[PDB]
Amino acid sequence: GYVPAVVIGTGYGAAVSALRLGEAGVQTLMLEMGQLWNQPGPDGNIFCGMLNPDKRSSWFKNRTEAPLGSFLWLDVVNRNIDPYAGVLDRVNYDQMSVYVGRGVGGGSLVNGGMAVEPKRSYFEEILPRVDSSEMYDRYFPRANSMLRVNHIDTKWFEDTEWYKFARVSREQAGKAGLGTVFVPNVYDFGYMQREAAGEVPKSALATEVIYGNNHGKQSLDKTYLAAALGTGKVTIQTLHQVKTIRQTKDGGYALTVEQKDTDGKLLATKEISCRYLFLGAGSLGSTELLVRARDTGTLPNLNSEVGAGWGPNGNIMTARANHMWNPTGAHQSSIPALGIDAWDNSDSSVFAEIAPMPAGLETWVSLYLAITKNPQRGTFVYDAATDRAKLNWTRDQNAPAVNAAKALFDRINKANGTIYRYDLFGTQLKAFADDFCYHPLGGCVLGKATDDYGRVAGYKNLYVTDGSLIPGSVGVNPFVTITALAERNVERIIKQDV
């Protein structure tokens, strides 16, 4: 059937867009391929934890996986599982594996909550056509408020066993002349205190994050999406995957949509049409829909920039072995609190998340997710044979990112007389994991594939809203940028187009 606006997906771009559409009185249907995560499972919890993964951990995989960095300790809990509509999806391309959330709320379900604005000077470099004053004066503050961003209590942080891992890396970085910053979060830090005090059910302090948090984390289902539903103008249909998009003869859009059960069985195929179509299927999902539409002839007026300009936000994982006198703790909060800020906009820039280890015993390992400035980009190329977008990125394209991460952590090792771990990412001696991504950015870049507000070039009333808009890099964890840009874009679109 017909509905005035359709939003594909329910991540950050989608959730912002649907809230503002509903507030403007536009009846809106959101289509989400994953589940609404609200049913207690076999342990009485909605989500599995990192030490008890089960089918809920994984989108259609036959075996659980250890979180990257943790295989040496967490492989013991891996098990065979039924392919199921679980929450975290590892999407494998030829030389890159991208992790994304699947469910109502998208990556907000599975992410570490780190809610950080990019440096304005870097924002201005990456998106020179965008008015940065409005972003920093209006849209970033709006996003932080709506997302329920909050700040850790520094005294509690300094004293608690749960953040010893962070304090150790702070001290070690400091000996190399490198500073740290507290990173705001959407996990409720007041709740986290009460967890440590034994007052409320643990989540961050019970090795939960990457397969969901049963408590504490203000994912989008609690914030933007709850508000969108509260307008009375928004509904969400789950286990509905959009496959194809075409433009009707009178200039609206028609979608083919598959409805599945949680075992992946096809229940129905539906046609849904609309006046305004908003893509919020993520860097991977929105880009795939548009390259498919271009290259199968259903949106033939899409431009050549659709598919282009993808990067992994310079993501590189690495780890250091601490001295025996610098244990990182058996008890590590699953939510990061600190980053090493070595980002100066040069090619040696690094912003490094100090990541927790979920082993639950002492390993002496410090783990880092480095975010770097690497100009290499990949392209999603349609394969008509298999009907998939294939990202053409090669591992050698991450060499500049590795080089920047290694230069920084070499300074820390030199100052402290420590060495890397080489055994955390597989049998091959490898200190830097260079073929994964948690922060996919690009594919439908703002001002390239779209105008400066995400209006898809070649088409009217067709919008992209999400991480596919970002040109490969933001220098920090990306969801605040995605949210703030989505606030800017939908406000303009409603004013001028709707």
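Numbers for residues come from their place in the sequence shown, where the first is 1. Superpose the two forms; the largest set of C-alphas matching within 1.5 Å is the rigid core.
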| 249-257 against 217-225 - segment lying farther from this form in 5 other deposited structures of this protein (CA RMS, rigid core fit) | 249-257
| request: Report the stretch with the higher mean CA temperature factor, choosing between 197-205 and 130-138 on the basis of the entry. | output: 130-138
| said: Regarding 35-43 and 428-436, which shows the higher C-alpha temperature factor on average in the entry? | reply: 428-436
| task | Could you check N416, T238, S97, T223 and tell me which one carries the biggest Cα B-factor in the deposited entry? | result | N416
| query | From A330, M317, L109, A355, pick the one with the largest CA B-factor in the entry? | reply | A330
| message | Quick check for you: using the entry's CA B-factors within this chain, is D387 in the lowest, middle or highest third? | response | middle
| Lowest, middle or highest third - CA B-factor, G251 | highest
| task | Taking the chain's C-alpha temperature factors as the reference, tell me which third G22 falls into: lowest, middle or highest. | result | middle
| query | Against its chain's modelled residues, does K119's Cα B factor rank lowest, middle or highest third? | reply | highest
| request: Classify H215 as lowest, middle or highest third according to the C-alpha B-factor given in the PDB entry, relative to its own chain. | output: lowest
